>>> print(open('model37.pdb').read())   # PDB, C-alpha atoms
ATOM      1  CA  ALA A   1     -21.128  32.810 -60.946  1.00  0.00           C
ATOM      2  CA  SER A   2     -17.496  32.374 -59.840  1.00  0.00           C
ATOM      3  CA  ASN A   3     -14.553  34.726 -59.032  1.00  0.00           C
ATOM      4  CA  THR A   4     -13.509  36.217 -55.682  1.00  0.00           C
ATOM      5  CA  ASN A   5     -11.045  38.943 -56.720  1.00  0.00           C
ATOM      6  CA  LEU A   6      -8.663  39.683 -53.824  1.00  0.00           C
ATOM      7  CA  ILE A   7      -6.365  42.583 -52.936  1.00  0.00           C
ATOM      8  CA  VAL A   8      -2.632  42.209 -52.204  1.00  0.00           C
ATOM      9  CA  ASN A   9      -1.254  44.945 -49.937  1.00  0.00           C
ATOM     10  CA  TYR A  10       2.178  45.750 -48.458  1.00  0.00           C
ATOM     11  CA  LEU A  11       3.588  46.372 -51.954  1.00  0.00           C
ATOM     12  CA  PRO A  12       6.790  48.337 -52.559  1.00  0.00           C
ATOM     13  CA  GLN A  13       4.934  50.345 -55.237  1.00  0.00           C
ATOM     14  CA  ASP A  14       7.448  48.928 -57.750  1.00  0.00           C
ATOM     15  CA  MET A  15       6.861  45.156 -57.506  1.00  0.00           C
ATOM     16  CA  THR A  16       5.041  43.421 -60.377  1.00  0.00           C
ATOM     17  CA  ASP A  17       2.125  40.954 -60.426  1.00  0.00           C
ATOM     18  CA  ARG A  18       4.598  38.767 -62.366  1.00  0.00           C
ATOM     19  CA  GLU A  19       6.813  38.005 -59.358  1.00  0.00           C
ATOM     20  CA  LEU A  20       3.488  37.699 -57.531  1.00  0.00           C
ATOM     21  CA  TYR A  21       2.504  35.029 -60.016  1.00  0.00           C
ATOM     22  CA  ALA A  22       5.610  33.085 -58.997  1.00  0.00           C
ATOM     23  CA  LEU A  23       3.810  32.683 -55.641  1.00  0.00           C
ATOM     24  CA  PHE A  24       0.069  32.657 -56.377  1.00  0.00           C
ATOM     25  CA  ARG A  25       0.468  30.677 -59.608  1.00  0.00           C
ATOM     26  CA  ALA A  26       1.586  27.925 -57.197  1.00  0.00           C
ATOM     27  CA  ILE A  27      -0.963  28.619 -54.441  1.00  0.00           C
ATOM     28  CA  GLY A  28      -4.160  29.300 -56.406  1.00  0.00           C
ATOM     29  CA  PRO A  29      -5.009  29.299 -60.119  1.00  0.00           C
ATOM     30  CA  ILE A  30      -5.177  33.096 -60.478  1.00  0.00           C
ATOM     31  CA  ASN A  31      -7.127  34.213 -63.564  1.00  0.00           C
ATOM     32  CA  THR A  32      -5.764  37.791 -63.693  1.00  0.00           C
ATOM     33  CA  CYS A  33      -3.341  39.963 -61.672  1.00  0.00           C
ATOM     34  CA  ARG A  34      -3.202  43.787 -61.826  1.00  0.00           C
ATOM     35  CA  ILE A  35      -1.643  46.434 -59.543  1.00  0.00           C
ATOM     36  CA  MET A  36      -3.357  49.638 -58.335  1.00  0.00           C
ATOM     37  CA  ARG A  37      -1.381  52.909 -58.377  1.00  0.00           C
ATOM     38  CA  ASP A  38      -1.898  56.572 -59.353  1.00  0.00           C
ATOM     39  CA  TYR A  39      -2.666  56.539 -63.100  1.00  0.00           C
ATOM     40  CA  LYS A  40      -1.228  60.064 -63.468  1.00  0.00           C
ATOM     41  CA  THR A  41       2.195  60.178 -61.775  1.00  0.00           C
ATOM     42  CA  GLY A  42       2.191  56.446 -60.960  1.00  0.00           C
ATOM     43  CA  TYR A  43       2.457  57.195 -57.223  1.00  0.00           C
ATOM     44  CA  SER A  44       1.702  53.732 -55.792  1.00  0.00           C
ATOM     45  CA  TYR A  45       0.640  53.283 -52.146  1.00  0.00           C
ATOM     46  CA  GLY A  46       0.827  49.474 -51.790  1.00  0.00           C
ATOM     47  CA  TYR A  47      -2.284  47.528 -52.897  1.00  0.00           C
ATOM     48  CA  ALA A  48      -3.284  45.547 -56.007  1.00  0.00           C
ATOM     49  CA  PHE A  49      -5.869  43.041 -57.285  1.00  0.00           C
ATOM     50  CA  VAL A  50      -5.182  39.289 -57.546  1.00  0.00           C
ATOM     51  CA  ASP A  51      -8.145  37.004 -58.300  1.00  0.00           C
ATOM     52  CA  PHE A  52      -7.988  33.238 -57.720  1.00  0.00           C
ATOM     53  CA  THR A  53     -11.265  32.467 -59.546  1.00  0.00           C
ATOM     54  CA  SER A  54     -11.416  29.592 -57.048  1.00  0.00           C
ATOM     55  CA  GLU A  55     -13.570  31.157 -54.328  1.00  0.00           C
ATOM     56  CA  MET A  56     -12.488  28.172 -52.204  1.00  0.00           C
ATOM     57  CA  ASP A  57      -8.846  27.098 -52.431  1.00  0.00           C
ATOM     58  CA  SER A  58      -8.205  30.824 -52.867  1.00  0.00           C
ATOM     59  CA  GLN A  59      -9.853  31.701 -49.535  1.00  0.00           C
ATOM     60  CA  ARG A  60      -7.448  29.241 -47.883  1.00  0.00           C
ATOM     61  CA  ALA A  61      -4.536  30.963 -49.639  1.00  0.00           C
ATOM     62  CA  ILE A  62      -6.080  34.200 -48.331  1.00  0.00           C
ATOM     63  CA  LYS A  63      -5.723  33.112 -44.695  1.00  0.00           C
ATOM     64  CA  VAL A  64      -2.137  32.033 -45.456  1.00  0.00           C
ATOM     65  CA  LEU A  65      -0.640  34.414 -48.058  1.00  0.00           C
ATOM     66  CA  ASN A  66      -2.054  37.173 -45.824  1.00  0.00           C
ATOM     67  CA  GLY A  67       1.265  38.658 -44.626  1.00  0.00           C
ATOM     68  CA  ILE A  68       3.900  36.581 -46.479  1.00  0.00           C
ATOM     69  CA  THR A  69       7.329  38.095 -47.332  1.00  0.00           C
ATOM     70  CA  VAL A  70       8.577  40.202 -50.282  1.00  0.00           C
ATOM     71  CA  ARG A  71      12.316  39.813 -49.586  1.00  0.00           C
ATOM     72  CA  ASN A  72      11.854  42.876 -47.334  1.00  0.00           C
ATOM     73  CA  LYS A  73       8.210  43.256 -46.233  1.00  0.00           C
ATOM     74  CA  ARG A  74       5.057  41.102 -45.933  1.00  0.00           C
ATOM     75  CA  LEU A  75       2.396  41.146 -48.689  1.00  0.00           C
ATOM     76  CA  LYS A  76      -1.260  41.220 -47.617  1.00  0.00           C
ATOM     77  CA  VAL A  77      -4.285  39.354 -49.015  1.00  0.00           C
ATOM     78  CA  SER A  78      -7.999  40.073 -48.489  1.00  0.00           C
ATOM     79  CA  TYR A  79     -11.249  39.152 -50.286  1.00  0.00           C
ATOM     80  CA  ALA A  80     -11.302  42.567 -52.015  1.00  0.00           C
ATOM     81  CA  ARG A  81     -12.930  44.559 -49.188  1.00  0.00           C
ATOM     82  CA  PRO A  82     -10.681  47.518 -48.316  1.00  0.00           C
ATOM     83  CA  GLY A  83     -11.954  50.691 -46.600  1.00  0.00           C
ATOM     84  CA  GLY A  84     -14.872  48.865 -44.932  1.00  0.00           C
ATOM     85  CA  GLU A  85     -15.588  46.608 -47.936  1.00  0.00           C
ATOM     86  CA  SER A  86     -15.757  49.066 -50.871  1.00  0.00           C
ATOM     87  CA  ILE A  87     -16.580  51.751 -48.275  1.00  0.00           C
ATOM     88  CA  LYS A  88     -19.157  51.187 -45.502  1.00  0.00           C
TER      89      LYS A  88
END
>>> encode(input="model37.pdb", output="structure tokens")
Amino acid sequence: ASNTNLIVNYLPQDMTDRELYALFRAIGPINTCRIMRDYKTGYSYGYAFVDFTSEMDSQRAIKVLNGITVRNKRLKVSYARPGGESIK
């Protein structure tokens, strides 16, 4: 199949995958972009999901985008493998 969903970290807990699209939409052909945060109070901790559905050009953007700049911090980008790859 195809699709290597990634995870963007270093989020302000208020940013939006839209502004993120202004970056990724130019780096890789993302197929979907969501943000992870408490679904009850909305308490975000910095971390979302951005898939490139490229599994190739995306990986390159993963070594680069990893630690970019959000006008104040530096986003993060991994191949969706937080906490020891889905725990491990």
>>> atom_distance(input="model37.pdb", atom1="atom CA of residue A:11", atom2="atom CA of residue A:40")
18.5 Å
>>> resolve_selection(input="model37.pdb", expression="the PyMOL selection byres ((chain A and resi 23-37) around 7)", output="PDB file with C-alpha atoms, keeping the file's coordinate frame")
ATOM      1  CA  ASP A  17       2.125  40.954 -60.426  1.00  0.00           C
ATOM      2  CA  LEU A  20       3.488  37.699 -57.531  1.00  0.00           C
ATOM      3  CA  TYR A  21       2.504  35.029 -60.016  1.00  0.00           C
ATOM      4  CA  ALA A  22       5.610  33.085 -58.997  1.00  0.00           C
ATOM      5  CA  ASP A  38      -1.898  56.572 -59.353  1.00  0.00           C
ATOM      6  CA  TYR A  39      -2.666  56.539 -63.100  1.00  0.00           C
ATOM      7  CA  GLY A  42       2.191  56.446 -60.960  1.00  0.00           C
ATOM      8  CA  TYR A  43       2.457  57.195 -57.223  1.00  0.00           C
ATOM      9  CA  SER A  44       1.702  53.732 -55.792  1.00  0.00           C
ATOM     10  CA  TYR A  45       0.640  53.283 -52.146  1.00  0.00           C
ATOM     11  CA  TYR A  47      -2.284  47.528 -52.897  1.00  0.00           C
ATOM     12  CA  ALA A  48      -3.284  45.547 -56.007  1.00  0.00           C
ATOM     13  CA  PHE A  49      -5.869  43.041 -57.285  1.00  0.00           C
ATOM     14  CA  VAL A  50      -5.182  39.289 -57.546  1.00  0.00           C
ATOM     15  CA  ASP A  51      -8.145  37.004 -58.300  1.00  0.00           C
ATOM     16  CA  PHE A  52      -7.988  33.238 -57.720  1.00  0.00           C
ATOM     17  CA  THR A  53     -11.265  32.467 -59.546  1.00  0.00           C
ATOM     18  CA  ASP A  57      -8.846  27.098 -52.431  1.00  0.00           C
ATOM     19  CA  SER A  58      -8.205  30.824 -52.867  1.00  0.00           C
ATOM     20  CA  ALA A  61      -4.536  30.963 -49.639  1.00  0.00           C
TER      21      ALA A  61
END
>>> closest_residue(input="model37.pdb", among="A:46, A:84, A:77, A:55", to="residue A:8", atoms="only C-alpha atoms")
A:77
>>> closest_residue(input="model37.pdb", among="A:72, A:66, A:86, A:54", to="residue A:9", atoms="all atoms listed in the file")
A:66
>>> residues_around(input="model37.pdb", residues="residue A:56", least_positions_apart="6", cutoff="12 Å", atoms="only C-alpha atoms", output="number ranges by chain")
A: 2-5, 27-29, 62-63, 79
>>> atom_distance(input="model37.pdb", atom1="atom CA of residue A:71", atom2="atom CA of residue A:12")
10.6 Å
>>> axis_aligned_box(input="model37.pdb", around="stretch 75-82 of chain A", padding_each_side="8 Å", output="AutoDock Vina command-line options")
--center_x -5.3 --center_y 43.3 --center_z -49.8 --size_x 31.3 --size_y 24.4 --size_z 20.4
>>> atom_distance(input="model37.pdb", atom1="atom CA of residue A:15", atom2="atom CA of residue A:81")
21.5 Å
>>> closest_residue(input="model37.pdb", among="A:16, A:64, A:41, A:88", to="residue A:76", atoms="all atoms listed in the file")
A:64
>>> closest_residue(input="model37.pdb", among="A:7, A:70, A:1, A:65", to="residue A:85", atoms="all atoms listed in the file")
A:7
>>> decode(input="model37.pdb", residues="stretch 4-36 of chain A", atoms="N, CA and C atoms", output="PDB file, in the first residue's frame")
ATOM      1  N   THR A   4       2.716   7.154   4.641  1.00  0.00           N
ATOM      2  CA  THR A   4       3.626   7.097   5.819  1.00  0.00           C
ATOM      3  C   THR A   4       3.276   8.250   6.759  1.00  0.00           C
ATOM      4  N   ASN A   5       2.102   8.211   7.323  1.00  0.00           N
ATOM      5  CA  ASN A   5       1.662   9.293   8.247  1.00  0.00           C
ATOM      6  C   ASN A   5       2.826   9.726   9.141  1.00  0.00           C
ATOM      7  N   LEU A   6       2.973  11.008   9.346  1.00  0.00           N
ATOM      8  CA  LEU A   6       4.081  11.514  10.204  1.00  0.00           C
ATOM      9  C   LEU A   6       3.501  12.252  11.404  1.00  0.00           C
ATOM     10  N   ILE A   7       4.350  12.733  12.264  1.00  0.00           N
ATOM     11  CA  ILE A   7       3.859  13.480  13.455  1.00  0.00           C
ATOM     12  C   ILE A   7       4.633  14.792  13.579  1.00  0.00           C
ATOM     13  N   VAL A   8       3.937  15.897  13.624  1.00  0.00           N
ATOM     14  CA  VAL A   8       4.627  17.212  13.755  1.00  0.00           C
ATOM     15  C   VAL A   8       4.612  17.624  15.224  1.00  0.00           C
ATOM     16  N   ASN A   9       5.753  17.864  15.800  1.00  0.00           N
ATOM     17  CA  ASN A   9       5.768  18.246  17.241  1.00  0.00           C
ATOM     18  C   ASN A   9       6.191  19.706  17.400  1.00  0.00           C
ATOM     19  N   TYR A  10       6.416  20.128  18.618  1.00  0.00           N
ATOM     20  CA  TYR A  10       6.823  21.539  18.870  1.00  0.00           C
ATOM     21  C   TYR A  10       5.686  22.479  18.468  1.00  0.00           C
ATOM     22  N   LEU A  11       4.466  22.091  18.727  1.00  0.00           N
ATOM     23  CA  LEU A  11       3.313  22.964  18.367  1.00  0.00           C
ATOM     24  C   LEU A  11       2.953  23.843  19.567  1.00  0.00           C
ATOM     25  N   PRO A  12       2.420  25.001  19.281  1.00  0.00           N
ATOM     26  CA  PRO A  12       2.014  25.961  20.318  1.00  0.00           C
ATOM     27  C   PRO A  12       0.676  25.540  20.936  1.00  0.00           C
ATOM     28  N   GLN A  13       0.126  24.441  20.490  1.00  0.00           N
ATOM     29  CA  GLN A  13      -1.175  23.976  21.050  1.00  0.00           C
ATOM     30  C   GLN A  13      -2.314  24.834  20.488  1.00  0.00           C
ATOM     31  N   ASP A  14      -1.995  25.815  19.689  1.00  0.00           N
ATOM     32  CA  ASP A  14      -3.062  26.683  19.111  1.00  0.00           C
ATOM     33  C   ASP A  14      -2.866  26.809  17.596  1.00  0.00           C
ATOM     34  N   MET A  15      -1.738  26.386  17.089  1.00  0.00           N
ATOM     35  CA  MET A  15      -1.496  26.480  15.626  1.00  0.00           C
ATOM     36  C   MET A  15      -2.539  25.643  14.885  1.00  0.00           C
ATOM     37  N   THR A  16      -2.551  25.711  13.584  1.00  0.00           N
ATOM     38  CA  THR A  16      -3.548  24.919  12.813  1.00  0.00           C
ATOM     39  C   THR A  16      -2.859  24.206  11.645  1.00  0.00           C
ATOM     40  N   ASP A  17      -3.301  23.019  11.329  1.00  0.00           N
ATOM     41  CA  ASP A  17      -2.687  22.274  10.195  1.00  0.00           C
ATOM     42  C   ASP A  17      -2.793  23.123   8.928  1.00  0.00           C
ATOM     43  N   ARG A  18      -3.623  24.135   8.942  1.00  0.00           N
ATOM     44  CA  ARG A  18      -3.765  25.006   7.738  1.00  0.00           C
ATOM     45  C   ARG A  18      -2.447  25.748   7.509  1.00  0.00           C
ATOM     46  N   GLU A  19      -2.002  26.499   8.480  1.00  0.00           N
ATOM     47  CA  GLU A  19      -0.711  27.213   8.318  1.00  0.00           C
ATOM     48  C   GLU A  19       0.350  26.163   8.011  1.00  0.00           C
ATOM     49  N   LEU A  20       0.190  25.001   8.580  1.00  0.00           N
ATOM     50  CA  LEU A  20       1.150  23.893   8.327  1.00  0.00           C
ATOM     51  C   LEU A  20       1.107  23.535   6.857  1.00  0.00           C
ATOM     52  N   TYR A  21      -0.053  23.603   6.299  1.00  0.00           N
ATOM     53  CA  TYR A  21      -0.221  23.250   4.867  1.00  0.00           C
ATOM     54  C   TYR A  21       0.539  24.267   4.027  1.00  0.00           C
ATOM     55  N   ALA A  22       0.628  25.474   4.501  1.00  0.00           N
ATOM     56  CA  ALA A  22       1.376  26.512   3.742  1.00  0.00           C
ATOM     57  C   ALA A  22       2.828  26.053   3.573  1.00  0.00           C
ATOM     58  N   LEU A  23       3.276  25.182   4.437  1.00  0.00           N
ATOM     59  CA  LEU A  23       4.682  24.681   4.359  1.00  0.00           C
ATOM     60  C   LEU A  23       4.705  23.328   3.650  1.00  0.00           C
ATOM     61  N   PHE A  24       4.082  22.356   4.253  1.00  0.00           N
ATOM     62  CA  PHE A  24       4.052  20.982   3.685  1.00  0.00           C
ATOM     63  C   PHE A  24       3.456  20.990   2.281  1.00  0.00           C
ATOM     64  N   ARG A  25       2.341  21.629   2.102  1.00  0.00           N
ATOM     65  CA  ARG A  25       1.720  21.662   0.749  1.00  0.00           C
ATOM     66  C   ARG A  25       2.788  22.006  -0.293  1.00  0.00           C
ATOM     67  N   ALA A  26       3.855  22.635   0.120  1.00  0.00           N
ATOM     68  CA  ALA A  26       4.931  22.996  -0.847  1.00  0.00           C
ATOM     69  C   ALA A  26       6.038  21.944  -0.784  1.00  0.00           C
ATOM     70  N   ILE A  27       6.238  21.358   0.365  1.00  0.00           N
ATOM     71  CA  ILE A  27       7.299  20.322   0.501  1.00  0.00           C
ATOM     72  C   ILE A  27       6.787  18.993  -0.052  1.00  0.00           C
ATOM     73  N   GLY A  28       5.810  18.421   0.589  1.00  0.00           N
ATOM     74  CA  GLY A  28       5.262  17.122   0.108  1.00  0.00           C
ATOM     75  C   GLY A  28       3.756  17.259  -0.128  1.00  0.00           C
ATOM     76  N   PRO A  29       3.232  16.385  -0.949  1.00  0.00           N
ATOM     77  CA  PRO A  29       1.799  16.370  -1.287  1.00  0.00           C
ATOM     78  C   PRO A  29       1.001  15.723  -0.154  1.00  0.00           C
ATOM     79  N   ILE A  30       0.885  16.397   0.956  1.00  0.00           N
ATOM     80  CA  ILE A  30       0.127  15.821   2.102  1.00  0.00           C
ATOM     81  C   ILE A  30      -1.251  15.355   1.634  1.00  0.00           C
ATOM     82  N   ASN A  31      -1.774  14.326   2.241  1.00  0.00           N
ATOM     83  CA  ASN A  31      -3.128  13.844   1.851  1.00  0.00           C
ATOM     84  C   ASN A  31      -4.120  14.196   2.966  1.00  0.00           C
ATOM     85  N   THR A  32      -3.624  14.475   4.144  1.00  0.00           N
ATOM     86  CA  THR A  32      -4.527  14.834   5.277  1.00  0.00           C
ATOM     87  C   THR A  32      -3.686  15.428   6.413  1.00  0.00           C
ATOM     88  N   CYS A  33      -4.224  16.366   7.150  1.00  0.00           N
ATOM     89  CA  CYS A  33      -3.433  16.972   8.262  1.00  0.00           C
ATOM     90  C   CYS A  33      -4.337  17.205   9.478  1.00  0.00           C
ATOM     91  N   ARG A  34      -4.088  16.521  10.562  1.00  0.00           N
ATOM     92  CA  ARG A  34      -4.925  16.721  11.780  1.00  0.00           C
ATOM     93  C   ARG A  34      -4.018  17.101  12.952  1.00  0.00           C
ATOM     94  N   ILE A  35      -4.580  17.564  14.036  1.00  0.00           N
ATOM     95  CA  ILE A  35      -3.741  17.943  15.209  1.00  0.00           C
ATOM     96  C   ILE A  35      -4.195  17.124  16.421  1.00  0.00           C
ATOM     97  N   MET A  36      -3.286  16.685  17.254  1.00  0.00           N
ATOM     98  CA  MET A  36      -3.717  15.880  18.434  1.00  0.00           C
ATOM     99  C   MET A  36      -3.744  16.756  19.687  1.00  0.00           C
TER     100      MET A  36
END
